[PDB]
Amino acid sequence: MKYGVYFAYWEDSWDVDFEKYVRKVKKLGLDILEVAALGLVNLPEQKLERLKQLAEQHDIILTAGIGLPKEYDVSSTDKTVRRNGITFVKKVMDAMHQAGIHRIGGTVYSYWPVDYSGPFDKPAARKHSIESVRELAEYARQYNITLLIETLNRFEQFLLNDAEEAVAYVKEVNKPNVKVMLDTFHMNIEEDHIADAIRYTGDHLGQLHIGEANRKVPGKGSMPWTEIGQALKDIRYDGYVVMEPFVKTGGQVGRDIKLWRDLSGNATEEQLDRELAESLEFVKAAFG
């Protein structure tokens, strides 16, 4: 298994420089850095190449996270919006290729965060989503890119809220480079039992995001880490485990995560480094 962290752990916005995090993640003994697709898509070619070279130099695997905004809703019944979203994701994949990034995960199949103030049509959004994802899966092939379909809690999305819906959705898409991404934060809200959801997903599981129920670093909460560790052994998961802790309130990241109090005790960059190092040791012990 390979362990990583989302750069956003340390930041207040999605669109920042990533180069610093490649060295840092290697220093901390991690295998993977996950960066925001948003911070790649208009990055100059010079900087996409520099990022690729830094990852090679440090032997770090780079992955990309995305939440498509309303304007790029690939699940929209509005054809103009749908096509705008597809074009935007193709552009994201063009940039991914130059940075040497092969995996894109998150809400790449609809928009995030969902706005429930207006009405929606789950059935119609779903079939548009599947056709959009098949087309993006086909475009991805030329770059050996894999799409990771994130299962989200009801408050952030309406399409895929549990492992059952996500597995059914991905089976129907029926593409080898389209897999399910599970997330302890989201599973904690929607599943009867977190370990059983992982077991159910089995061969469909392309990536696991991990954090506590309130998105603190593993070890600070009551997530059943040993059971999760056992479930991953049960499906012989040899894939990527990416820590996705959010403990900072006030920024664009704070607002989109909806964190309205500090959970870091005003932790400095250095303090967040040490806690993540301890968290990683804890998770690896918990996973054997």
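For every residue, the number given is its place in the sequence shown, counted from 1.
For the pair 57-65 and 248-256, the mean Cα B-factor is higher in 248-256. Here the stretch with the larger average CA B-factor, out of 71-79 and 211-219, is 71-79.
Within the group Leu147, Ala124, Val89, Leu152, the record's highest C-alpha temperature factor is found at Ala124.
Among the modelled residues of its chain, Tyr116 has a C-alpha B-factor that falls in the highest third according to the deposited record. Remark: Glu227 belongs to the middle third of its chain, ranked by C-alpha B-factor as recorded. Per-chain ranking of the deposited C-alpha B factor places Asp196 in the middle third. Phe282: CA B factor in the middle third of modelled residues in this chain (values from the PDB entry). Sorting the modelled residues of the chain by their CA temperature factor places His186 in the lowest third.
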